[PDB]
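Structure first, then comments.
Protein chains in written order, with the entry's author numbering: chain A, 3 to 218, 251 to 502, 513 to 587; chain A', 3 to 218, 251 to 502, 513 to 587; chain A'', 3 to 218, 251 to 502, 513 to 587. A prime marks a further copy of an entry chain.
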């Protein structure tokens, strides 16, 4: 009951059973992961009010609202620790991510009512734009669990004005609507001005009986007697938080969505090798290489993988894989030394994690093929950059990196980026990096990830070279600075990567992304009209 | 030789001769203006190298390159003092704005080679995105005068990574290209990594004989012997800065552009009343009202203006005007008390600068009419917000403000916003504010402008009310804070408004915007098929 | 002064000097050509009034208006003999095609005022839609030389009503406008109803002093005293036909257009081998093969050609060429027997003109590559179909033909199709056939062309096989029928091919198409970001 089994089923299998486990490496990754989890716990509990205190007053917390809304085990948080402006509570006062509601993936934004009743705080507008952008790119419904008191008077200058401030999301909600993407808001508590516009901008308004939305024992402006009884802007009103959630569930049940079976090329299948091995496979020792095929084997269905142009551009892996039976294009760095590579140099060894002419061209082609086939791209980054020097320049490397950018921009397909370890240099950008604002929905990273323009020592040796012990002290300060400012938690705090996820969460996020991309795609390529599988086949049989 | 003179020529004239000039007011505005000019002067001269020193080494400064490129008197700088991250030199290391080249308006970005040879600095990516966005919205060619050494090692974390960092503009350049908007780069000096990608991302590459672009007495990687002789990426090479500029001029001469006469409905005509009167008309005393018609009379052709729905929504002026013979829709706040207004209240007086039901609906309609007619919108803001209270709420004010946002988002036309004085509350957003990222090309402000969520005293009285002398001291601190953080220079430094312009520069910026919007529009409504003029007429004759 | 000379200049040259000329073949082609020219002459002179009689009355003919408008030698007529409904005068009462005006290519439609003063006749709406569609696809200005008396009362049922009747072009003109494509009308004589709407629908209205346009010694409704003096719909009025033309020239001079130099990769160069040899090269004996490279050598610049995947899919030629220095992708059938081909059969010989797996995939890829690179496609058809049988079916031939359709539809680029000889079967469709209404601007054919579903004898042998002399008489009748209904003139009369052009006119039409496509393209791929040249190179060097 699937198209072209000859192409899409019984694909080459990859990966080996993990013969030599590494407990110390696993220990190190999990300690990054534990720290992430601990920080999130702390950030979610931070504020001026507790879950307990809110509950007594009649209010669920953001997470209680989310957990009430979603199918169990489907919460994929993003921007959990996003806090670029260093808010004391450690958050942007919203909780956001992907969740599934009776089988339909939705993008969720929940005001954190522990923190000045979900007030605007520095960094929040940016966080919200990342949410609407994800919804836009995926053509995925946006859900607000809204409890927003608007602007705090001390810091209005950082939250009220400007191109990408508190006013942008209301336009972003109109754009979503004009693109045919529904926004659904559950309206809680007092929402004047900023919250009022967050309340009115969505497609569907579900209100709490005690909630209000307004421009700005006299009742709070724009309560239910007004926005239900008079204006009719509140389409439905409910006694309590859970009723509002169930109202939301109801309108979500109304939303268009494919039965994903329509797009499957196979029965969903678990990987053949366990994800827990990733804790041994992906080295915390950034100098150590690993086999990327072992990672791909553990993230994609049945450890199946159909490689595009294997042997050409061996610094990269590009090929098709399946996620819950759905087609994705995977683009992943190869680690390790590459003998007699690259081809434009004599007697040379190539460094895995770097980009050369063939990998760039191979990627350009693959993106373009997947673009045409409407197959979403998942990028697995572990990169140290593009090859440098005049031999690299003559090999067109600069133009090829940019060609890839162009190819990506041309794809107009939702894309996921996963930083396995290193996100560095121009390579981070061109490898479906978060800099492609039209394509990259968001990015995630493992506990083994790190982000920099270039390595600490490279930067230090560069800026201080012209010293031809105190200078060596400045150099090592810079190196440690670069280390400090490239740790997973710091990177996600600045939003360089949207979420640091556990090794056992990577596939789930891939599953969430892929199923959300196929939920209601805006463009289709029938399987029998797909070019990637054919060109892939032809390369294997013709040379 | 123009369509429908009966509609578009001999429009009602507006404005009176300035009978009572105000030298003190003029003195106050010009002192803001002088401070702006002084700061710009200082910021342009700041850095590690002088114009003199660069010239000797063979390099023109950003401004010398710009002035060499553009028709005299056509430079309309934007973001001159944009510096949200507080860079010590006071700039984002680029100089940007609109310029005209042999009659064709272009968007210009010039690396400031006085400042670490045009290195990436905090705030620069954002500044650059404002440039590409303007080019996108207007379908206007983007010109780089590029001299970019890439990343400074101390601050890479603030400039290299993230969704809207140093990598975004390369995607933004690809998008421009895919939208059919050409990017032209004059490549100066050393451009590794970041500069390399700034060099390769454009459509046309004009290089200086000593310039280089690269991924990253051995020659600097990717010099002319490489990118001219080998790769051919440098399409043209020139001996000197001026040759590069002339190369750029040549490719600009190749670009498509209407003779604006095609779109004119009239001979360009100067306003009938002089702009210097604006210095008396627009009060620096923010409590004093003024006649907006006196402003509109001095900014638009022949002081002509064709008002839409005069008498309905008297808190707003909406109507058609001409800019160098071209049709624009003007939306401007009315100042002064409005007797027996608004209509949903009894025995009431309306405050000019505020938005009520009729003005919102009138604006919704006018935007929508202009959208259909492909007439670009110029918004003149002097606003204190939307009417508040449950009578305002029953009058649908929240929904109408949002309707306006939707209408704006629906217009998909380039729009200019000019803050005459007050940019405050939700009103700033909905009045074609910079929060509409798809529509507002940029925004400008006069020396009389000020930006806040709400007035200082309102915020102070709000946050401290529940004190039922030291508290009054905290309140007055906040008030002074709000004043500090709402001055024209501060607002433009944070990019709340892109440029503070002289009263005598407002029309020129309007002329630059309008002519740039009509230079190569992506959509046309023939004049005889326009609805705005007809509906306007019908309202005047039918009631 | 061009990008990447290493890729785009000094391309492999092709073709040989014509050693053995064939006067009889040349005689046969030219007799088809002479017949075409004679028929056009006759059709242009047919009607109720002569050029002489019109001139005396103050009216130029369609062709005099066209010749007055265009640069000499640039007229590329289309649909000259289009007459599907068998109008007695042999035309659709309009004259249409491509013309150049002071260097700007435009699409021209001229009412034939010899024939019931340019009245609506059967087939005319369809002819007009082919004109607006071409203008749309190429983003090329549409010019009406209008002299249209509207509907003839005897045949209103065939011209007035329905989805694609006399009313469609007015919507088509609005769409052009909304797409930013200007329509310019010179209005001559009496234009009531149908002509009135043809007059009002354009962007720019230039009227003759005695002309009128209207909904429907009392003056004809909507004369100059009305539509100039009152309504202002006539933007300009002129004394005479030539003044109107010069008015039109003026507004055309106002239109945006690239200097084509912007897009050139080389100096325009004539082919190295003369086109007159095509008269010997292309065999009128449909059983005889020829070398397609000899044709490509004579149509494209400097007989240069950069082949994509030479040796793979040898039934097709796909590669880049230059037309007046501009990049085009060429897709052409290979003639002759192909030893040991195709690959999915054993001990087989392939027939040139047929499509097999590799050529289909190669074409899919090339279209997709050119799509990404924004390189317009020129298809040279000489085809007898796609390989048949279950070996062809297992080789996915049906799915690959459809994949190609999908690829073409995905390209969203203007495309030209030239039927060198045979346009038959599904192959005609998939080879950038006129059935791709979003992509194929129009199609042209040589005097050696012929169009059928399948050959006469194939159809005869198919329908009568089950006769297991009078039946052989029915079969030969059908064969002769198929011959009758597949001749160049008949095919163009039915609009199967838009124009039959002389062998020496093919390149000129290619030059007209290509320059028109690059005049104002809606999307750009910078040369250094193009993938086709790189993938082409990589195939040559890697295997």
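Cβ coordinates follow ideal geometry from the N, Cα and C atoms, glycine included.
Quiz item: Smallest Cα separation from residue 567 of chain A': which of A':446, A':517, A':123, A':525?
Solution: A':446
Quiz prompt | Cutoff 8 Å: residue 519 of chain A'' Cβ touching any chain A' Cβ | solution = no
Exercise. Please go through the region 395-421 of chain A'' and give each complete beta strand (DSSP E) segment of 3 or more residues, from N-terminal end onward.
Key: 411-415
Quiz item: Would the region 181-194 of chain A'' and the region 154-167 of chain A'' be scored as touching if the rule is three or more Cβ pairs under 8 Å?
Solution: no
Self-check item: Alpha-carbon to alpha-carbon, residue 351 of chain A and residue 220 of chain A
Solution: Examination of chain A shows a numbering gap from 218 to 251; residue 220 of chain A is inside it and therefore has no coordinates.
Self-check item: Residue burial classification, residue 267 of chain A'' (beta-carbon count within 10 angstroms, cutoff 16)
Solution: buried
Quiz item: For the region 551-580 of chain A', which residues have a beta carbon sitting closer than 7 Å to at least one beta carbon of chain A''?
Solution: 564, 565, 566, 567, 568, 569, 570, 572
Quiz item: Does the beta-carbon of residue 228 of chain A have 16 or more other beta-carbons within 10 angstroms, so that it is buried, or is it exposed?
Solution: Residues lacking coordinates in chain A include everything strictly between 218 and 251, among them residue 228 of chain A.
Self-check item: Pick from A:128, A:188, A:144, A:84 that is closest to residue 108 of chain A, judged by C-alpha positions
Solution: A:144
Exercise. Starting from residue 177 of chain A', find everything on chain A with Cβ-Cβ shorter than 8 Å and list it in chain order.
Key: 443, 472
Quiz prompt | Pick from A':555, A':273, A':574 that is closest to residue 588 of chain A', judged by C-alpha positions | solution = This structure does not reach residue 588 of chain A', given that chain A' is present from 3 up to 587, and the question cannot be answered.
Quiz item: Mind checking whether residue 119 of chain A and residue 171 of chain A have CB atoms under 8 Å apart?
Solution: no
Self-check item: Cα-Cα separation between residue 363 of chain A and residue 43 of chain A, rounded to whole angstroms
Solution: 34 Å
Practice problem: Measure from the C-beta of residue 81 of chain A' to each C-beta in chain A and report whether the shortest distance is under 8 Å. | Solution: no
Quiz item: Does DSSP put residue 206 of chain A in a helix, in a strand, or in coil?
Solution: strand
Quiz item: Hey, would you say residue 389 of chain A' sits closer than 8 Å to residue 401 of chain A', going by beta carbons?
Solution: no
Exercise. Going by CA-CA distance only, name the one from A':96, A':86, A':375 that's closest to residue 47 of chain A'.
Key: A':96
Exercise. Let me know the beta strand (DSSP E) ranges lying completely inside the region 59-122 of chain A'', each 3 residues or longer, listed in chain order.
Key: 78-80, 96-103, 106-113
Quiz prompt | Residue(s) in a DSSP beta bridge with residue 366 of chain A | solution = A:351, A:414
Quiz item: For residue 551 of chain A versus residue 484 of chain A, is the C-beta spacing smaller than 8 Å?
Solution: no
Quiz item: Which residues of chain A' have a Cβ atom closer than 8 Å to the Cβ of residue 204 of chain A'', listed in chain order?
Solution: 570
Quiz item: Using 8 Å as the threshold, is the region 274-282 of chain A' in touch with the region 291-307 of chain A', meaning 3 or more CB pairs across them?
Solution: no
Quiz prompt | Distance, residue 133 of chain A' Cα to residue 125 of chain A' Cα | solution = 13 Å
Quiz prompt | Test item: CB-CB of residue 187 of chain A and residue 211 of chain A under 8 Å | solution = no
Quiz item: What are the boundary residues of the beta strand (DSSP E) that includes residue 476 of chain A''?
Solution: 474-479
Quiz item: Quick one: is residue 430 of chain A' near chain A, going by C-beta distance under 8 Å?
Solution: yes
Quiz item: What whole-angstrom Cβ distance do residue 337 of chain A' and residue 16 of chain A' have, given they're in contact under 8 Å?
Solution: 6 Å
Practice problem: Compare the C-beta of residue 476 of chain A against all C-beta atoms of chain A'' and say whether one is closer than 8 Å. | Solution: no
Exercise. Kindly indicate which three-state DSSP category residue 456 of chain A falls into: helix, strand or coil?
Key: strand
Quiz item: Start and end of the beta strand (DSSP E) containing residue 145 of chain A''?
Solution: 144-148
Practice problem: Ignore the nearest five residues each way along the sequence and tell me which others in residue 472 of chain A's own chain have a CB closer than 8 Å to its CB. | Solution: 139, 443, 446
Exercise. Go ahead and pull the three-state DSSP assignment for residue 450 of chain A.
Key: strand
Quiz prompt | Contact set between residue 586 of chain A and chain A'', taken where Cβ atoms lie within less than 7 Å | solution = 346
Exercise. With a threshold of 16 other CB atoms inside 10 Å of the CB of residue 502 of chain A, please say whether the residue is buried or exposed.
Key: exposed
Practice problem: Give a yes or no on contact between the region 571-580 of chain A' and the region 108-117 of chain A', applying the rule of three or more CB pairs nearer than 8 Å. | Solution: no
Exercise. Taking residue 177 of chain A' as the reference, give the member of A:103, A:565, A:469 with the closest Cα.
Key: A:469
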